[PDB]
Protein chains: 2
Amino acid sequence: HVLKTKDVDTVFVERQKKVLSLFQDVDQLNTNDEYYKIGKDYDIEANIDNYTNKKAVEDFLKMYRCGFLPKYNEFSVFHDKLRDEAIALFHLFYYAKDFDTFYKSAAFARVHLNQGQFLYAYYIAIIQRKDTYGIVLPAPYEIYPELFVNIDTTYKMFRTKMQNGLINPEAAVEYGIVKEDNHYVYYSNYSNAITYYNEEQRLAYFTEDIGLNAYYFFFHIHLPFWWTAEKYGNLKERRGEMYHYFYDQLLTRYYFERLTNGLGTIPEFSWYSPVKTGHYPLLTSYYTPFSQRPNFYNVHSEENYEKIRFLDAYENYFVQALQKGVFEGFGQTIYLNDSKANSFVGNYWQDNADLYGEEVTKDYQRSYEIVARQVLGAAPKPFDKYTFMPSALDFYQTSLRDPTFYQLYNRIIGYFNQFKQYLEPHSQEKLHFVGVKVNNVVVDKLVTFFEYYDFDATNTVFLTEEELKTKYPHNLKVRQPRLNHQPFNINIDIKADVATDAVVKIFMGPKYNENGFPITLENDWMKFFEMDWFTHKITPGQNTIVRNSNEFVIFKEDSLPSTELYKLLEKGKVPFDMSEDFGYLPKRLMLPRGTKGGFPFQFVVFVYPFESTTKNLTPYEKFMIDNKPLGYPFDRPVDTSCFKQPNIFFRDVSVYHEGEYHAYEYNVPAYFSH
Amino acid sequence: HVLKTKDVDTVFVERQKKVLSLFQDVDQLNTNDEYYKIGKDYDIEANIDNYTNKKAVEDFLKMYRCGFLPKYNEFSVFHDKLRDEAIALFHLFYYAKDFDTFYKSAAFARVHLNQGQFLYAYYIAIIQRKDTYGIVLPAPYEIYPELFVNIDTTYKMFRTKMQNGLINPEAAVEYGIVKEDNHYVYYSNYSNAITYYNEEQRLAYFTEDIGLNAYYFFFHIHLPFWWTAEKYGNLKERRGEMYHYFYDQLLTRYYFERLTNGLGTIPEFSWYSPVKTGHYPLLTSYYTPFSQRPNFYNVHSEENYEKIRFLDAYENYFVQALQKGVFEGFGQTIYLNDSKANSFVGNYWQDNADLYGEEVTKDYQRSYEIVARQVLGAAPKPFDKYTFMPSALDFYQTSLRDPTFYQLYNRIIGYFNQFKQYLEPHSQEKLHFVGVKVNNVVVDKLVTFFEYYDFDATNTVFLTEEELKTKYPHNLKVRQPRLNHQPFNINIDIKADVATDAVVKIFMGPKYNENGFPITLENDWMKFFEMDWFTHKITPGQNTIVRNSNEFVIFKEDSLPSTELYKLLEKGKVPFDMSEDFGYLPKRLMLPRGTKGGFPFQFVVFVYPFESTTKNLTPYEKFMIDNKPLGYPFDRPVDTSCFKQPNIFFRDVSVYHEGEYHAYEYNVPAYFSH
Ligand SMILES: *[C@@H]1O[C@H](CO)[C@@H](O[C@@H]2O[C@H](CO)[C@@H](O[C@@H]3O[C@H](CO[C@H]4O[C@H](CO[C@H]5O[C@H](CO)[C@@H](O)[C@H](O)[C@@H]5O[C@H]5O[C@H](CO)[C@@H](O)[C@H](O)[C@@H]5O)[C@@H](O)[C@H](O[C@H]5O[C@H](CO)[C@@H](O)[C@H](O)[C@@H]5O[C@H]5O[C@H](CO)[C@@H](O)[C@H](O)[C@@H]5O)[C@@H]4O)[C@@H](O)[C@H](O[C@H]4O[C@H](CO)[C@@H](O)[C@H](O)[C@@H]4O[C@H]4O[C@H](CO)[C@@H](O)[C@H](O)[C@@H]4O[C@H]4O[C@H](CO)[C@@H](O)[C@H](O[C@H]5O[C@H](CO)[C@@H](O)[C@H](O)[C@H]5O)[C@@H]4O)[C@@H]3O)[C@H](O)[C@H]2NC(C)=O)[C@H](O)[C@H]1NC(C)=O
Ligand SMILES: *[C@@H]1O[C@H](CO)[C@@H](O[C@@H]2O[C@H](CO)[C@@H](O[C@@H]3O[C@H](CO[C@H]4O[C@H](CO[C@H]5O[C@H](CO)[C@@H](O)[C@H](O)[C@@H]5O[C@H]5O[C@H](CO)[C@@H](O)[C@H](O)[C@@H]5O)[C@@H](O)[C@H](O[C@H]5O[C@H](CO)[C@@H](O)[C@H](O)[C@@H]5O[C@H]5O[C@H](CO)[C@@H](O)[C@H](O)[C@@H]5O)[C@@H]4O)[C@@H](O)[C@H](O[C@H]4O[C@H](CO)[C@@H](O)[C@H](O)[C@@H]4O[C@H]4O[C@H](CO)[C@@H](O)[C@H](O)[C@@H]4O[C@H]4O[C@H](CO)[C@@H](O)[C@H](O[C@H]5O[C@H](CO)[C@@H](O)[C@H](O)[C@H]5O)[C@@H]4O)[C@@H]3O)[C@H](O)[C@H]2NC(C)=O)[C@H](O)[C@H]1NC(C)=O
Ligand SMILES: *[C@@H]1O[C@H](CO)[C@@H](O[C@@H]2O[C@H](CO)[C@@H](O)[C@H](O)[C@H]2NC(C)=O)[C@H](O)[C@H]1NC(C)=O
Ligand SMILES: *[C@@H]1O[C@H](CO)[C@@H](O[C@@H]2O[C@H](CO)[C@@H](O)[C@H](O)[C@H]2NC(C)=O)[C@H](O)[C@H]1NC(C)=O
């Protein structure tokens with residue numbers, strides 16, 4: 001298994017090394033590094049001519065002269081002041097006329113501003129600026145290790161750095177601390193191996209997977225809710241569509257993990273009753289432990305009355321719009337069948353900039369999601385604008401760790417899916433592919449297993465004045481057994497009459513509902529996980545297609561550590577996926593953990609005529625190369641019919657799991673010491 | 001597989017035919033039957049000299065002159081008036097000087113009294129009277145089909161009888177109605193195939209198994225809570241022990257079923273909060289449907305205020321007694337270490353006759369169990385002393401159907417197990433068998449599966465005047481897939497120093513807790529299901545014991561329908577087990593349904609010195625042939641020690657399940673019509 005690579009020129013390489021020079025030892029400043037001198041004395045005012053937008057720069061300066069979030073404090077985009085500052089900073093980065101002015105602005109920020117705040121605006125700018133297109137971003141877990149690993153292993157790294165090494169390596173092994181080469185390796189367990197407060201803990205290997213969490217972070221920085229989608233041209237008109245697709249797909253995938261663990265559907269809650277599923281983040285900031293929400297949390301308390309009424313009102317509005325058939329307000333009146341209605345509900349639920357026709361949201365345009373994250377996070381109200389007790393719900397990099405995150409968005413998609421039943425359902429004729437028929441589909445054995453995975457966590461530690469004189473160590477390694485599966489083929493048999501360009505899609509869906517009974521397309525159309533999308537020229541007669549799971553376009557390879565990125569740069573290359581598909585879900589997670597006896601699911605292949613791609617979303621996500629609605633044909637209900645189309649095939653499938661069932665078993669000292 | 005038989009003489013054979021003559025078409029009277037003429041004119045008063053207790057007879061006559069529960073009304077021993085009348089009836093039967101007087105009294109009852117009331121006292125008298133010892137009892141599901149099969153199938157039988165056969169056999173098949181020979185067979189689903197109101201429904205194949213339920217009914221009539229245990233001699237002093245053992249074992253067996261179904265530990269509840277798991281009995285009486293308790297039932301309502309205070313007080317008394325190290329009241333002072341302590345707590349929790357040192361319980365001796373069943377049953381207060389809306393908790397034959405049954409007794413055994421930690425824990429020395437060592441234990445593959453089981457359900461129907469002139473039809477058969485498992489051997493390897501008489505016990509226990517983590521003997525000693533108990537002579541050197549599951553003494557063969565009993569009688573024979581082990585749990589249920597991949601458990605063999613059997617309980621249950629406390633050595637905690645005793649062995653074991661996972665699949669017309 002070789003990783004696909006891509007060729008880059010000398011300019012790109014030079015810009016790549018520059019951006020990476022600002023992603024090192026992020027919680028500390030190195031006066032020996034070139035960036036410190038540049039950044040410390042950069043005069044934004046004096047170079048105001050090197051920015052395409054003078055107003056944005058002046059607003060930044062005006063804001064900056066008043067002070068920004070101090071260093072070391074936690075930064076969260078869900079807090080007004082912090083967000084506005086971060087956004088002003090983003091504008092300073094985005095409007096730099098050229099890479100050089102941008103780099104200097106970045107260095108300025110790195111030296112003067114809050115590390116978290118800088119990293120946030122930095123990450124987004126690299127994604128948004130045209131001149132940095134293709135630039136490979138370092139893994140978020142490598143940049144925010146304190147957000148991707150529990151305190152028990154963070155504390156072990158702290159103890160190692162404080163002791164300046166291992167004092168008794170033979171004893172350290174019993175605490176998962178091993179030395180390999182010149183690296184210190186830390187075997188890190190998911191939380192279900194240290195605390196089991198509720199049954200949802202059984203899903204910890206999935207909800208705490210660094211790749212899954214990185215995936216949500218990438219989703220957000222690819223296109224922040226506070227920013228307009230203008231830059232992406234077409235996506236703007238299809239933004240709400242993308243919202244639905246992303247969350248439906250994520251919720252459905254999470255649902256599958258629940259199913260193979262016997263946890264049933266995503267729980268429903270009320271803002272007027274205790275929230276059943278609590279959550280205890282084993283994370284910490286530099287000033288406080290993350291807030292905890294005990295099981296059966298009394299959410300309807302005096303501190304949340306007003307917020308709950310707002311959330312209620314927000315839901316009420318939508319439900320009433322569905323009833324009367326029209327969305328009023330926001331400067332327009334949309335009937336449910338309007339051609340922009342789909343984008344409206346999506347933008348409405350997310351309360352994004354595009355809902356208002358602006359480039360950035362304002363503080364007074366209150367958000368359902370932000371307020372809901374606030375009350376579900378269970379944190380006491382902020383001490384002040386710059387100080388708050390964070391919860392898993394305050395970061396896109398830790399959101400998926402909280403069971404209520406899925407419950408919140410499942411509630412939202414719940415309404416979105418209700419809205420979809422008011423639309424014209426897909427007719428049997430529009431779904432039919434005259435001349436095309438799928439005679440059979442055979443799927444190879446589906447097997448999951450846990451496999452060790454390492455990543456650089458050195459950013460967890462603080463370097464010595466002497467250590468800063470020499471090259472960075474990239475000394476610490478965090479090792480966790482992560483979910484994965486064996487590659488598998490899908491053999492498709494297609495009997496055709498005429499020759500035509502066809503599109504073939506591969507989905508994965510449940511076979512039974514939570515109670516073990518047969519699924520129903522009428523109520524379960526939204527439970528199909530899109531796995532593949534590709535064009536294929538169908539020749540008259542017999543057509544045999546073989547798609548290997550490693551080829552599914554929906555997923556990407558694991559990221560490589562910054563150190564391997566450099567070696568690859570010497571060759572004038574960059575990982576293909578890491579550069580162009582950084583937002584895709586890691587392929588090692590395309591399958592939910594199976595069971596020893598094999599858990600029931602079904603694959604489905606659908607092939608339809610290839611045609612218009614005039615309003616595709618390639619500038620956003622590469623695989624979106626058609627005009628059909630995202631998730632087609634499971635994007636909305638379908639005109640109930642008891643006789644399936646010949647161009648769609650459903651194949652039963654079983655997901656088995658090999659090796660140790662529980663991930664923590666691979667971190668038992670007796671085991672890894674062999 | 002041949003069923004063990006037993007030889008019986010002419011006297012026995014004649015009495016067996018007499019007792020069975022009163023178990024036919026029980027809801028109807030046959031004036032053509034000999035018993036009718038006998039019973040209709042039998043004069044109890046005139047024969048008073050034929051009973052060994054004249055007071056008992058006069059009390060029955062005095063009571064009977066005021067009236068008894070009318071025919072067709074539902075009978076339940078949990079209602080005062082009904083119980084008192086039944087007990088008087090039981091005394092009339094128990095004190096008959098000889099079988100003939102007994103028979104005539106019974107015939108009198110069958111003609112004049114409420115069917116259910118009669119069957120109840122009849123069943124018990126047959127078990128208690130010395131001259132009827134060994135008499136075979138008909139299966140309870142054959143006598144009370146309307147309490148062992150849901151109404152959907154009962155209504156089908158009614159339809160068949162009203163039509164006097166099938167009007168369209170070909171159509172009837174699609175509804176589970178089939179004709180085989182001269183029988184009408186009805187495929188009957190467990191409730192989870194028709195309504196899935198909560199996750200507990202997943203357990204319906206077990207909680208509704210007719211054998212499991214019959215088992216509870218037999219436990220009761222064997223020795224009612226309202227009767228003293230005097231007749232059984234030693235049982236009286238060890239009654240409490242027997243109470244703990246019966247329920248703990250049953251709760252543990254049920255816990256195993258939850259485990260392989262991902263349902264965790266037995267839920268805990270509060271009398272002051274909504275009861276989470278509801279229950280919908282798909283049963284009916286002749287006047288009303290059974291009462292239903294919806295999920296999240298508001299149990300703390302004005303109707304239950306006083307009852308709940310009584311229940312709370314009952315529990316407080318016990319908790320405080322434990323805290324102060326002594327039980328006070330009920331005519332004595334018992335410190336926790338008193339030899340009479342164990343029986344006191346069991347008799348206290350059951351509020352039985354022996355708690356008071358009386359023959360039978362009185363109306364004012366309020367029962368925790370009866371009141372708890374009253375409020376958990378959720379039925380509205382009784383219309384009057386003879387009329388009430390029944391719940392599954394009003395019958396020993398339907399109790400195991402209701403999830404709260406296990407929650408109630410789990411709560412009670414929880415208190416019993418807390419009491420046991422105040423006693424002297426078995427020391428390692430007493431557990432040690434000097435010179436005996438179990439080197440190894442090997443268990444054959446553990447495999448479960450569903451298999452069709454039939455029983456006579458003709459009592460569900462009413463016969464015609466003409467049909468009554470001829471022999472009873474035994475026309476209707478109920479067919480259901482019931483749990484079962486393949487036979488398996490356990491090879492025990494023992495290394496002895498000298499020769500001795502040893503006792504060997506076999507238990508099945510969980511391997512992991514509900515969260516999937518290792519079990520702990522300090523906290524899970526009460527979770528070991530006793531499977532076998534037998535004496536074996538040990539010779540010096542190497543010993544090898546091979547026990548087949550069909551040999552385990554704790555279980556019994558399934559019961560035979562009454563028609564088969566007659567045929568066997570012609571040869572002067574009766575089924576061995578049905579005769580003297582009717583109270584045992586059906587062996588086809590000794591193993592919980594497994595999983596396709598195999599669910600983890602562990603078998604443990606323990607061998608100790610065979611000695612004293614002075615206070616054994618053979619008169620009650622055959623297998624209780626020792627002096628040791630029931631469930632030894634897991635009858636109480638053990639002096640925690642990380643080093644295993646040589647004479648005890650634990651072996652990991654996996655229970656797989658073959659064929660269809662869901663029982664209802666075997667009742668699908670397309671399936672059984674082949
Ligand atoms: C415990 O607990 C407690 C309780 O809580 C606490 O306390 C707290 O504390 C805190 C802290 O400390 C505080 O705060 C702080 O304060 C301070 C002071 O204040 C004041 O003052 C100021 C100043 O003044 C001045 O200036 C101005 C302008 O701007 C003017 O106007 C005036 O006049 C003056 O003048 C002067 O100036 C100068 C001096 O400085 C010179 O030039 C001369 O001298 C002249 O003359 C000011 O500004 C203020 O103001 C305010 O206030 C007032 C009243 O009072 C008013 O009127 C105003 O308006 C204002 O106010 C307000 O407004 C509003 C309201 O309505 C709001 O917003 C608020 O409130 C405000 O405030 C006063 O007066 C100060 O300074 C500081 O600041 C800082 O921080 C912040 C945040 O926090 C920011 O924003 C800013 O920007 C700053 O920053 C900085 O720092 C930090 C730390 O802290 C950091 O992180 C950052 O980064 C930065 O850094 C920088 O700086 C520093 C110093 O400062 C240095 O050091 C550094 O350096 C480094 O680094 C670099 C890089 O970057 C390198 O290169 C090097 O090398 C190294 O070295 C840098 O440079 C703050 O704010 C408070 O207050 C308290 N609270 C209370 C209640 O009290 C404590 O802390 C604790 N403790 C423990 C231990 O934990
Ligand atoms: C709708 O809804 C409504 C509402 O809920 C309902 O109503 C109800 O109904 C019911 C039912 O019907 C009712 O009840 C009833 O009533 C009746 C009447 O009463 C009256 O009367 C009586 C009687 O008297 C007499 O006797 C005595 C003695 O014992 C004396 O003393 C007197 O004087 C008299 O004498 C006379 O008469 C006689 C006749 O009888 C003769 O001998 C001569 O003539 C002389 O002179 C009485 O007892 C009563 O009393 C009472 O009351 C009073 C008041 O008024 C008082 O004072 C008293 O004390 C008494 O008691 C009381 O007490 C207490 C109080 O505190 C309480 O506990 C209560 O209250 C009581 O009451 C009167 O006066 C009656 O009779 C009836 O009875 C019956 O039943 C029961 C149960 O229920 C029982 O227990 C009994 O025993 C009886 O039984 C019977 O019947 C049944 C049915 O019913 C059955 O099941 C059984 O088994 C039995 O049977 C028998 O008999 C019959 C008749 O009756 C016949 O028929 C039969 O036949 C058969 O048999 C065999 C088989 O087994 C064969 O063999 C043959 O063939 C066949 O036929 C048998 O025999 C009851 O009780 C009520 O009341 C009502 N309620 C109201 C509010 O009103 C309705 O019903 C509905 N409907 C629908 C449709 O659903
Ligand atoms: C009054 O409200 C209107 C609309 O609600 C505001 O107009 C918007 O202004 C923003 C500039 O911040 C534009 O980006 C939008 O396109 C405008 N939308 C509409 C519908 O006009 C207007 O700014 C408000 N009045 C004032 C004085 O600000
Ligand atoms: C008052 O109550 C006491 C206690 O319940 C009764 O005493 C019992 O009497 C019976 C005689 O039938 C004895 O067998 C018991 O051993 C006694 N128990 C105790 C604790 O003493 C007493 O009989 C009752 N008195 C009356 C007049 O009914």
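Here, residue 1 is simply the first one shown, and the rest follow in order.
Cβ atoms are placed via backbone N, Cα and C, with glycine included.
Neighbours of A:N50 (N-linked glycosylation site), defined as other CB atoms within 10 A of its CB across all chains, total 17. According to DSSP, A:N50 (N-linked glycosylation site) sits within a helical segment. According to Swiss-Prot, the feature N-linked glycosylation site maps to A:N50 (among others).
When Cβ atoms from all protein chains are considered, those within 10 Å of A:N189 (N-linked glycosylation site) total 23, not counting its own. Residues or ranges marked as N-linked glycosylation site in Swiss-Prot: A:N189 (among others).
Look at Swiss-Prot and you will find A:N337 (among others) tagged as N-linked glycosylation site. All protein chains considered, the CB of A:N337 (N-linked glycosylation site) has 10 other CB atoms within 10 Å.
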Report summary line: One should report the C-alpha separation between A:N50 (N-linked glycosylation site) and A:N337 (N-linked glycosylation site), rounded to whole angstrom, as 47
Report task. Can you grab the distance from A:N189 (N-linked glycosylation site) over to A:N337 (N-linked glycosylation site)? Cα atoms, rounded to a whole Å. Result -> 49
Requested in this report: Going by DSSP, give the three-state secondary structure for A:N337 (N-linked glycosylation site).
Outcome: coil
